[PDB]
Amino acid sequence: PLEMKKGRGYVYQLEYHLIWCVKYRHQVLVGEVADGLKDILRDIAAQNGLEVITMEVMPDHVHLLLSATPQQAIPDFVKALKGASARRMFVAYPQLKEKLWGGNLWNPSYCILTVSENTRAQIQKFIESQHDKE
């Protein structure tokens, strides 16, 4: 019940739910802009060794569920996703500049949670149920 992946010095199963918003909370991620964003984020992900498990684009925020290796640090992959998507989106959809002219597509904060198949409470119950704790 776990499907572990293996690398040179480790066995792992790592997933994260990353969410960020549009700067000023403007509702600009619609129609073609949202569609182009999805293609851009997929591309950035593939080039940074991340696997996109789920992606949702709302008018003012984006959700990504990602699978990573132990070597992908969170700040590095968030900078790759948010910084390159902002540059690429303003170049691809110059109309974004009519509501965002200060050089930022994104809110400078990100939200990030680790994700597992079972819950933290089930994992604790499992460890505590073992007989040789000593």
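Just count from 1 along the sequence shown to find any residue number.
- Look at the C-alpha B-factors of 15 to 23 and of 116 to 124. On average they run higher in 116 to 124.
- When the mean C-alpha temperature factors of 105 to 113 and 36 to 44 are read from the deposited coordinates, 36 to 44 comes out higher.
- Residue-level inspection of the entry shows that, of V78, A86, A92, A68, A92 has the top Cα B-factor.
- For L29, the recorded CA B-factor ranks within the highest third of the chain. Only modelled residues enter the ranking.
- When the modelled residues of the chain are ordered by C-alpha B-factor, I74 sits in the lowest third.
- Residue-level temperature factors show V57 in the middle third of its chain, judged at the C-alpha atom.
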